[PDB]
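Q:
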Amino acid sequence: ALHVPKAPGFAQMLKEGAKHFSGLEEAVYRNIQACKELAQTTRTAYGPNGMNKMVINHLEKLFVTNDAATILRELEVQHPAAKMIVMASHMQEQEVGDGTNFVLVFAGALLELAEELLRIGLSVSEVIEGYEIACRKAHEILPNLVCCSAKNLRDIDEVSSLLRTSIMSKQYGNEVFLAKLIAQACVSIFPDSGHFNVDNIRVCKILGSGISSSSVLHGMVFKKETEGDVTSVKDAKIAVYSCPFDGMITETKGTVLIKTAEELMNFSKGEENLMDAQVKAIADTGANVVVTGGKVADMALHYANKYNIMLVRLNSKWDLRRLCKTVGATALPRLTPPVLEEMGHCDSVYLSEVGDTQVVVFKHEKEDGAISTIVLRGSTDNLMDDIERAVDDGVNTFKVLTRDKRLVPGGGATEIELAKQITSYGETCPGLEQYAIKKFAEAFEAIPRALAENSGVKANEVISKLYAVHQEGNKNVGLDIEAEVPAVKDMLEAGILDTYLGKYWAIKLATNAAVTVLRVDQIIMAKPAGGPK
Amino acid sequence: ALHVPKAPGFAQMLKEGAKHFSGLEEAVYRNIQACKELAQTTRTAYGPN
Amino acid sequence: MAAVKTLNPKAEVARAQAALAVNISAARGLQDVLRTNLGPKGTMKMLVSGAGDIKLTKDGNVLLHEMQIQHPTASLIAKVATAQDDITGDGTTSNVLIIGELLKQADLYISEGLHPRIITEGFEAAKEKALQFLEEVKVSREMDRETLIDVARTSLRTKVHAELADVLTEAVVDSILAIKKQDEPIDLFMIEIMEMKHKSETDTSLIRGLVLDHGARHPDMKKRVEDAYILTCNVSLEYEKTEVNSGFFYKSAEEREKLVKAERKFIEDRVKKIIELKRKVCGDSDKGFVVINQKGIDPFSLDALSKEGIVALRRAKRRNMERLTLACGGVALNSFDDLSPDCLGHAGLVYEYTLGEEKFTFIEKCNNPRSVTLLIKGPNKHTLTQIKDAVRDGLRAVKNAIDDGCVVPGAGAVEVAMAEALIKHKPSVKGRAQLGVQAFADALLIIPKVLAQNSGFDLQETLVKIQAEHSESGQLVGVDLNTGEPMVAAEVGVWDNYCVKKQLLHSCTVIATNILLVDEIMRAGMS
Amino acid sequence: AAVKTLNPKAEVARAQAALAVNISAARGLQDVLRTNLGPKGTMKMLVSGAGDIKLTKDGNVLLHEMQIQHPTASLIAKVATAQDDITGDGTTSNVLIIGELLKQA
Amino acid sequence: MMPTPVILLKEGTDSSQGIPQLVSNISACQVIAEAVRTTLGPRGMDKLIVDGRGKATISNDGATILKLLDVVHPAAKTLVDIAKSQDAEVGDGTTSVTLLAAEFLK
Amino acid sequence: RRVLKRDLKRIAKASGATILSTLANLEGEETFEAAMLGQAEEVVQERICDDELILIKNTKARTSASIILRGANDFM
Amino acid sequence: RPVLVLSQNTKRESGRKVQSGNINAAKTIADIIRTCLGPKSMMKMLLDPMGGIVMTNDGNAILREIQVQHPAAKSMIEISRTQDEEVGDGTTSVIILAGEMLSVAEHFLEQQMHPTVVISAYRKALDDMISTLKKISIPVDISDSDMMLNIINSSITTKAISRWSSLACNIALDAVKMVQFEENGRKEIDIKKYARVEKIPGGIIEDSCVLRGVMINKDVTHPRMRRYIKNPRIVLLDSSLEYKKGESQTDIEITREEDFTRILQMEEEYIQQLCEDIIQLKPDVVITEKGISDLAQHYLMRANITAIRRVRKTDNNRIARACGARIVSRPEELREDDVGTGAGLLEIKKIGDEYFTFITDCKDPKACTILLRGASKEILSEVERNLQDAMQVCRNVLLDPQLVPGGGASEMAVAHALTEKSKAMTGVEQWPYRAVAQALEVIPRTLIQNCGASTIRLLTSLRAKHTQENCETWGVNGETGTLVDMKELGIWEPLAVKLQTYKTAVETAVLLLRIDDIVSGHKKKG
Ligand SMILES: Nc1ncnc2c1ncn2[C@@H]1O[C@H](COP(=O)(O)OP(=O)(O)O)[C@@H](O)[C@H]1O
Ligand SMILES: Nc1ncnc2c1ncn2[C@@H]1O[C@H](COP(=O)(O)OP(=O)(O)O)[C@@H](O)[C@H]1O
Ligand SMILES: Nc1ncnc2c1ncn2[C@@H]1O[C@H](COP(=O)(O)OP(=O)(O)O)[C@@H](O)[C@H]1O
Ligand SMILES: Nc1ncnc2c1ncn2[C@@H]1O[C@H](COP(=O)(O)OP(=O)(O)O)[C@@H](O)[C@H]1O
Ligand SMILES: [Mg+2]
Ligand SMILES: [Mg+2]
Ligand SMILES: [Mg+2]
Ligand SMILES: [Mg+2]
Ligand SMILES: [Mg+2]
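Chains as they are written, first to last, in the authors' numbering: chain q, 2 to 534; chain Q, 2 to 50; chain z, 1 to 527; chain Z, 2 to 106; chain h, 1 to 106; chain a, 309 to 384; chain g, 5 to 530.
The following block contains the structure:
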């Protein structure tokens, strides 16, 4: 009478390390608690007043940032429900580029309120149906909340003003300068064709001079040196070769069969003459810069130096393709001289040193080109990485604006308006789904609440003021960051705007993740065993 | 499918060192075998020889 | 103790009633776990692997495979369910439930001193009668689109969310009707199932063509060709080494260059054959070639093809040869010795889609494709896996319905009617096998029980309501999962595959009979 | 479970598990003591740790001399002990009726 | 701290937040700064660091001393990074950067 | 194929055949003459308890013998 | 440093203990499978060390899945395997008989009788057992298919396939009949090589059938080839249809620029020449045990020929027997006689989620396949074992047309005959004679015990019945547990099976009675 045996049936047949959780308390409440914990971990990094977190992964690498997706990626999340929410956040990052923290916070609030509803008496099916109805209502409402449109994407000032809000959450203090940089870089790209490519914006991180010294270059920068003696060309005529800069050899097996003394004495001289002829044929087309994707032979280098030809050796084929795009050359597969169509052109190619790193610069004087690069300076590697993350967020925002030009007021104004309208709609709806609809509406309060908490004010006063102001009829009013007391101000005139498409996708994904978590009723976890990767 | 579990009921409730023999082959025949062995051990000392 | 343990001391043995107890306990445990899967109202289970992969599922076979169980009887039942899934593609949870209930009902009499042999005899007699009744009750009907839609709904609603099921029904029915040749067996290999991971779950749809998970490897090839000729070939266009160890011998750099230029003549001949065919077929820029190759293409040949405005794909799947020849309508070529415009397929639109680091090529707007693809879209990997399993079940269900014109009413109506018929037939069975017949009928009654239980209603009261309605009316009334009242499953549209029911009866009876007759479990292969 | 969070080294059987455990123990006791009932019952040999030999078919003696560590077995043993102490008979029938009541329930 | 049956993150994950962790970061920066304090100015001294292999190095240069120190504190490594940055961009003042940063924090 | 050398020698001696490691006469050619052939009255492949073995029955030019022992198991 | 005349690990046991241990080991082996005999037998679950499950009531499988340490048990296992291999039935019977004879021998060994006397009595008994069994046999007309089906039924009434009796009997009879083959004056059956059993889980057992041909788990190499040919002409091959390296080292040396292309073109021309040589016979199906080159596939499709590659050698031999083809290795030596004409249909169809190739309309096929459809793998394995027993019994009857009454009638008849014969010896070995004679009663006794009837009453009645003159065919009904005449019940056994069982049991008893020393632990010294 001192031991409780395992119940007969499945409990006894379970494996040695496996776990089985079933029912509300064992499974659903535990999943909700785990998701709430994850949301709490990421909550403090939300908004302009969000705080960076220094995360060290299993490889002893240091990450400091407030980008929610990066933080979740570097955290070794183990609880499977939190894993599902992290997958939702990563999907939001991949689809849009911003709103990962919104997805996480909204999902956490939804799951918390779902636990509340389950405790007061509702069933899982009713809560799920209520959330689905409320999500449909929110997606219907949102297009009516659009305040203005981009209406121009070739203007530097307009694009910078549009992109300021996206890169104000990260790098709050100095966002105008970064906005101008990213606006110039994006306007260089995005030709008359409506298609915009994110990969056409390259980022080069050169350490030392503070991030205020960063600039935008219409071309590319490679952190390497020239093979030859020539180190500067002012009327570049780049000829790109994907093959090694050496005499091509057979593919099965090549052996030099010598049968007489004369052949032995003439072989090396003939090979050298052939290489010289090939290099001179290349040079006679006017080409003065040669870019090769492979190694450079010594004889080829010597003959290129004789004919005053600049040699650059690109290790990665991705860089070779990007250079071909940005110059206008075709990567030849042999050592044949390039025809006039395949010959690339650039305004200036030269070797230069920035800080203590030698770089090769392919610079265009024109305000155009397929590929543009941003040279990031700074006093720390981590700082430059964070600035690069902010640049990526801004570029993704520009891409979204190209896809959809509609914008909604930021600073929690859209969330408060959505909450108010969904609460109004849910009151008219009878049945047991009204509780779920009202909780879905209330879950939108977590965004202004997080903003107010991070700004250091009382969230409740801010939310009450927002409801009041939206009650008179101002739907473009959000909280004011630059105030020590809870206060609100108009966001349309302040320019604090976030993309409509981002909000739409974030709401959809967060709702889907919360519903998917709620649908689970049993968990059968296998023995963790190993799995290093 | 690599181990035969103990049958539910008295088999599982038995103590770790305890033994339970039931039925003809398990109990009666074993007892008869033990008695036969004992009689065999004592057999050779019977009688004057 | 036993003979085996006497001969082999490190052996585990269960004898006589112990074997029955062990097997019945294992069956009861499996049934207790799988009770909650049955029906569209069943609960969704979450499975985490050792590596941490998350799988949301409701399928009985999928759940059984991902169980953390090492029981022998569980292994036997899992094998039976695996066979059921392999052939019919549905009814795994019903299989497990019926086996477990058969064993429980048999034990209910065996514990009263009755021998298992009599129970098995009753089981086989009841199975014969039940098969006769199922033959009587099936609804032979020519199946237009509506009946197939109803069957696909009856499967997918049980597998996934209602709205996702509504989308998947149209998808699966249209695909099956597209690939179905007249009075010919349906080849399910001709429906490619492709997963993309960017849109929502309801964005999955049907493409009247083909989708390939790879794209052109040359940046200069066209990303979208409006009018396209299709060349499906199985010819390697990359460099090939001679089988008999050739090696090259030269005495000068010029000779080496000559040998290098002349070592690609063999491949260049085939490339120029393709180029000549393309120039003969289309002399303008309106049309174009898409060359899908099962074998690789080296960069030289890719460049030579791109110079002529030809898009080429390499390393295609083996099944894609048949799929393209059935969709585009060309001829798969293993050599270019005699290639003519008549062997070229056609496609009304070919374009490439980029998703992250993966390329997808769409071959659609075909004339009358006999092979289509089901593009599965979702935000999560586990969502994609769940949709893929549901689509497999729906495809199997629709194909099964097409195979035989009959279809069986669902919602447990058929089991209720079968149980009533068995009870009526019970007096005709001579001897104590009437006990086995009664046990078989009660075991068949498990499906409405579990359906009503999962729907939240009372079990016994709902079942007696259904049985009373069926007895007084004679109709095939099932369980209405919304109200618990009797409902005519035929009129509403809750249909079940006749082959699935027949397989359930046969396999469940066979495995239950075999298990009941087992009187010893041995593990003595060690040492 | 809730209890296992406060005390990690705690064994808990909850909901249908408790019924399954109790009924399984009762059925085991019943299966052992079925053979005792009636004059046609079977002798049982009871060998102690010290090697003492007891031959009996009494329900209470057998219950006290089996090697069982089950809670439900302990409860049934207490009930049978009270039955024996007051009336002196019916212990085997006591266990049988309890087990059959639980099984039928 | 109620022990959840399944913990959120990996076991052994250490998290410190709030004012105390920032104060600890400031203290760590102070510790890094005081290791190069005496090497400033015409009266500065030299530091000798012996690695695991036993090969000693002697330097008056702040960046060299900081690199030879196996700094693992995440907040302290920023001072080493800015010392390297000052060495790269300018080449002199690798002690002044660390002293100024730590003094700001203090 | 893979006939044991001792078995082949016994068969050749009993049947009058000659072992030929190679086909090469004293004229430098490659030939096989009929005089190098053994003879037997019957060659069969009989079945002995789920297995098969070849019996060369009644060889000529010399009488040989073999014994097939049938038991209950391998040890016997 | 001990002297150690023998090795340290060497153990010696001798005397009465060795004999008692051997006899007890044999008794234990018998008791393992005692309950698996008769129509009312119960199945057993065997857990394979590799993780599989063997669920059967066949004696040989049960004994084969058991690992034992006592060498007498190993001898008994080998006896079971020998009985299974020789005739394919009577495994449980021979094990039980050996155990019983060893018990009744231990009875005498306990007294002062030397084992040689017991062995001599056993051998005399075995001779008289054989004589009586041959005496009480009856002939069989093999032409009568009904009697053959009845014999197969009587063989399979005690297996799990007994529920589907007529189906299994017809399958086994047809398979044996059309695998029967005679050539060069030599007759053979060869159930082992031909008459393949292919089991596909799923479907229903009633759908099982034996095909007038063969079926393999293969598909066409290229989808353009036909999957349904009406009257195909099949050509079989062994050599690959692809360019291959030579046996000798054959390095080439290329100095002219056009030699590389020339060599590749010669490879293609060689493939084309091989395909043309094959096409010259105008076949429709080509089967190869090795690979087929893709260019070869193109050249064959140009001639409208279906090609299948990588077929197992056993499957290819079965196809050759079924369709009357001859496997050839060099296509240039292909002859008209080698082309397989006689297959009446070739069809590749999908079963479940897999392709299967059918050659299933052969006229007069000398090989066949048995397609088993069932609930799972274990059920199909047991069905295959039962059907193998049925085919072995059918082959035994075809070779030896003698029958013997079953249900223990033969055991009681032989026991009575030997008991009557023992009345005249008046020696010292009459007692072991009579003991081993009455040891045969363990078969009817086991049948009664498994049936559940009273053993003593039924055996007494059976012995009294057999004491009469014309009662040799009176045995025990396995279901009702009543004494019935076996010419009325219809259960009969091949004389070969009974003879093999009796011989093997007696010889096992002789072998184990002969041992009195056991030494163990010595090194292999290979
Ligand atoms: N100047 C500002 N004043 C008030 N709110 C702002 C301001 N800039 C940004 N926000 C708010 O911050 C939110 C963005 O938070 P962020 O850290 O970017 O999370 P995520 O990256 O997940 O979008 C937006 O909802 C926006 O309304
Ligand atoms: N809409 C419905 N209303 C009532 N019963 C249904 C409905 N849909 C399905 N059913 C019944 O529920 C059962 C679903 O079984 P399912 O969960 O698919 O088990 P399995 O996966 O093993 O086939 C079917 O037998 C069917 O008769
Ligand atoms: N001679 C008899 N014939 C028929 N039944 C009997 C006879 N003697 C006793 N019984 C029944 O058998 C039962 C014996 O129970 P018993 O073994 O005494 O259990 P307990 O010791 O727990 O009372 C009694 O209930 C009695 O009714
Ligand atoms: N219908 C029947 N009635 C009585 N005895 C039968 C019947 N069918 C078979 N038998 C007996 O059962 C025995 C067959 O047992 P079986 O399980 O086949 O053992 P084995 O596999 O060793 O032959 C035979 O000796 C036969 O005489
Ligand atoms: Mg953001
Ligand atoms: Mg289903
Ligand atoms: Mg009493
Ligand atoms: Mg200085
Ligand atoms: Mg047999």
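Just so you know, even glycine gets a beta-carbon here, dropped at the ideal spot from N, CA and C.
Using a Cβ-Cβ distance under 7 Å, would Z:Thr-6 count as near chain h?
A: Along the fourth sequence, read from residue 1 onward, the residue named residue 6 of chain Z stands at position 5. Cβ-Cβ to chain h under 7 Å: yes for Z:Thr-6.
Q: How about g:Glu-492 and g:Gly-410: are their beta carbons less than 7 Å apart?
A: The residue labelled residue 492 of chain g in the question sits at position 488 within the seventh sequence. The residue labelled residue 410 of chain g in the question sits at position 406 within the seventh sequence. No, these two residues do not count as a Cβ contact at 7 Å.
Q: Across the stretch 393-403 of chain z and the stretch 73-92 of chain z, are there enough close Cβ pairs to call them in contact, namely three or more that are closer than 8 Å?
A: Touching, per the Cβ criterion.
Q: Report the CB separation of g:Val-440 from g:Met-105 in whole angstroms; it is logged as a contact under 8 Å.
A: Looking up residue 440 of chain g in the seventh sequence gives position 436. Looking up residue 105 of chain g in the seventh sequence gives position 101. Correct: roughly 5 Å between the Cβ atoms.
Q: Can the beta-carbon of z:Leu-476 be found closer than 7 Å to that of z:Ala-130?
A: On the third sequence, position 476 is the one that residue 476 of chain z refers to. On the third sequence, position 130 is the one that residue 130 of chain z refers to. Here z:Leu-476 is not near z:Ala-130, since their CB atoms are 7 Å or more apart.
Q: According to the neighbour-count rule (16 or more other Cβ atoms, all chains shown, within 10 Å of its Cβ), is h:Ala-56 buried or exposed?
A: For the purposes of this step, residue 56 of chain h is identified with residue 56 of the fifth sequence, where counting begins at 1. It is exposed - the Cβ of h:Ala-56 has fewer than 16 other Cβ atoms within 10 Å.
Q: Relative to the C-alpha of g:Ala-457, which residue among g:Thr-486, g:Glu-473 and g:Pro-436 is closest?
A: For the purposes of this step, residue 457 of chain g is taken as residue 453 along the seventh sequence, with counting starting at 1. The residue with the shortest Cα to Cα distance from g:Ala-457 is g:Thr-486.
Q: Using the DSSP secondary-structure output, state which residues sit across from a:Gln-353 in a beta bridge.
A: Position 45 of the sixth sequence, counted from the first residue, corresponds to residue 353 of chain a. Per DSSP, a:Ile-362.
Q: Shortest alpha-carbon distance to q:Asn-477 belongs to which of q:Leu-146, q:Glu-342 and q:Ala-288?
A: Taking the first residue of the first sequence as position 1, residue 477 of chain q is located at position 476. Measuring from the Cα of q:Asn-477, the nearest candidate turns out to be q:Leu-146.
Q: Using only the alpha-carbon positions, how far apart do g:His-118 and g:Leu-407 sit?
A: Counting from 1 along the seventh sequence, the entry for residue 118 of chain g is found at position 114. Counting from 1 along the seventh sequence, the entry for residue 407 of chain g is found at position 403. Each residue's alpha carbon lies about 38 Å from the other.
Q: Is the stretch 162-179 of chain g in contact with the stretch 446-460 of chain g, if contact means three or more CB pairs nearer than 8 Å?
A: The stretch 162-179 of chain g makes no contact with the stretch 446-460 of chain g, as fewer than three CB pairs between them are under 8 Å.
Q: Can you list the residues of chain Q that g:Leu-51 reaches, using a CB-CB cut of under 9 Å?
A: On the seventh sequence, position 47 is the one that residue 51 of chain g refers to. From the beta-carbon of g:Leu-51, the residues of chain Q found nearer than 9 Å are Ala-2, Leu-3, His-4 and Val-5.
Q: Within the 7 Å Cβ cut-off, does z:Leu-435 reach chain q?
A: Numbered from 1 along the third sequence, position 435 holds the residue referred to as residue 435 of chain z. Not closer than 7 Å to any Cβ of chain q, the Cβ of z:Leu-435 fails to qualify, so no.
Q: For the stretch 313-397 of chain q, which segments carrying the alpha helix (DSSP H) assignment without a break, of at least 4 residues, lie completely within its bounds, in sequence order?
A: 318-328
Q: Are the C-beta atoms of h:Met-45 and some chain Z residue less than 7 Å apart?
A: Here residue 45 of chain h refers to the residue found at position 45 when the fifth sequence is read from its first residue. No, no contact with chain Z.
Q: For the candidate residues z:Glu-146, z:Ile-54, z:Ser-49 and z:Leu-20, whose alpha-carbon lies nearest to that of z:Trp-495?
A: Walking along the third sequence from the start, residue 495 of chain z turns up at place 495. For z:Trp-495, the nearest C-alpha among the options comes from z:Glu-146.
Q: Which runs of the beta strand (DSSP E), 3 residues or longer, sit entirely within the stretch 7-84 of chain g?
A: 15-18, 47-51 and 57-60
Q: Chain z partners of Q:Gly-10, CB-CB under 8 Å?
A: For this step, residue 10 of chain Q is matched to residue 9 along the second sequence. Per Cβ cutoff of 8 Å: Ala-21.
Q: Once you ignore the five residues that flank z:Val-96 on each side, which residues in its own chain have a CB closer than 8 Å to its CB?
A: Residue numbering aside, residue 96 of chain z sits at position 96 when the third sequence is read from its first letter. Answer for z:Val-96: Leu-30, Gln-31, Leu-34, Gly-60, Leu-64, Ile-77 and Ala-81, listed in chain order.
Q: Helix, strand or coil for z:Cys-282, going by three-state DSSP, please let me know.
A: Translated into positions along the third sequence, residue 282 of chain z becomes position 282. Residue state, collapsed to three classes: coil.
Q: Is g:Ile-66 near ligand 4, in the sense that its beta carbon is under 6 Å from a heavy atom of that ligand?
A: If you number the seventh sequence from 1, residue 66 of chain g lands on position 62. It does not: the Cβ of g:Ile-66 is nowhere closer than 6 Å to a heavy atom of ligand 4.
Q: Check whether the stretch 185-204 of chain g touches the stretch 372-390 of chain g, taking contact to mean three or more Cβ pairs, one atom from each stretch, closer than 8 Å.
A: Flag = yes, the stretch 185-204 of chain g and the stretch 372-390 of chain g touch.
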